[PDB]
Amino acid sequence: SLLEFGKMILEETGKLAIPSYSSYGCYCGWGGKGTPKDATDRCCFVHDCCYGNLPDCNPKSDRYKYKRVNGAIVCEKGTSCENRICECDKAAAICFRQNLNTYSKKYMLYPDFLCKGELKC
């Protein structure tokens, strides 16, 4: 659920999910359309696509368990939806960490009309 995902993001990047990643670019937050603005926005796009492969799961509210093995994120065994949701979130948190150097505040609160284009998962 968003509770685990937010904690994962803070641990990984030092930034608070909200406000740092809830209104960033075209895909971090709201849903999504257009071309990702940058690497961090692409992390969100892929994350949305990852959730997209789990039609009968509920990523935002279904809670899962995960632990840290010397920094490494390890998803603990739960239901099948929980396992897959955790893997999607783990991937995004790492992607965010990997692109911290290019994170740009000019993409915070990015306006909707500037998200033009096509990008299928």
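Start at 1 and count along the sequence shown; that's the residue number. Basically, rigid core = biggest C-alpha set you can superpose within 1.5 Å across the two forms.
Fit on the core, then compare CA atoms: does 95 to 103 or 109 to 117 lie farther from this form in 8 other deposited structures of this protein?
When 95 to 103 and 109 to 117 are compared in 8 other deposited structures of this protein, the bigger C-alpha shift is seen for 109 to 117.
So if we fit everything on the core, which stretch drifts more in 8 other deposited structures of this protein, 47 to 55 or 24 to 32, C-alphas only?
Farther from the shown form on average in 8 other deposited structures of this protein: 24 to 32.
Where do the C-alpha atoms have the higher mean temperature factor in this entry, in 71 to 79 or in 28 to 36?
28 to 36 has the higher mean C-alpha B-factor.
Mean CA temperature factor from the deposited coordinates, higher in 92 to 100 or in 62 to 70?
Mean C-alpha B-factor is greater for 62 to 70.
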